Amino acid sequence: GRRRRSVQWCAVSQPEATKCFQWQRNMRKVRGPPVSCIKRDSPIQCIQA
C-alpha cells in the first residue's frame, strides 16, 4: 500500500520492529551492522513458527 500496511501490519511485536527501525537510525552513528527488517514481514516475521 502507501499508508502503514507496508511496515505496520503483521508487526505484533515491536521489540523487533522498533529496534530494526530505531537501531537502523542509530546504526548510522554507533552500530555498524546492516539489518533492514521492519517494512518486511516475510514468513520469518508475520508468521511465527
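The rules behind each value
- Residues numbered from 1 in each chain as written, not as in the entry; some residues may be left out.
- Heavy atoms only, no water.
- Disulfide = S-S within 2.5 Å.
- UniProt positions renumbered as here; feature names shortened; annotations may be inferred.
- Helix = DSSP H or I, 4+ residues; strand = E, 2+ residues; numbered from the N terminus.
- Buried < 20%, exposed > 50% of the residue type's maximum accessible area, 1.4 Å probe, protein only.

In terms of determination method, the entry is listed under solution NMR.

Looking at the PDB entry, the chain carries the name Lactotransferrin, with the source organism given as Homo sapiens. Here the PDB entry's recorded title is "Human lactoferricin".

Colleague: Where do I start with the UniProt feature "disulfide bond" in the chain in this structure?
Modeller: For the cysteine pair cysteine 10 and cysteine 46, annotated in UniProt as disulfide-bonded, the sulfur atoms lie 2.0 Å apart, consistent with the bond being present in this model. Placement of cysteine 10 in the segment before α1 (14–17) and of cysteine 46 in helix α3 (residues 42–46) is noted, with a sequence separation of 36 residues between them. Take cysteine 10: its relative accessible area is 34%, and that puts it in the partly exposed class. The disulfide annotated by UniProt between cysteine 20 and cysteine 37 is present in this model, the sulfur-sulfur separation being 2.0 Å. Of this pair, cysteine 20 sits in helix α2 (residues 19–26) while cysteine 37 sits in the loop between α2 and α3; the two residues are 17 residues apart in sequence, bridging distant segments of the chain. Given the relative accessible area of 3%, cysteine 20 is considered buried. The exposure class of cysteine 37 is partly exposed, given its relative accessible area of 34%.

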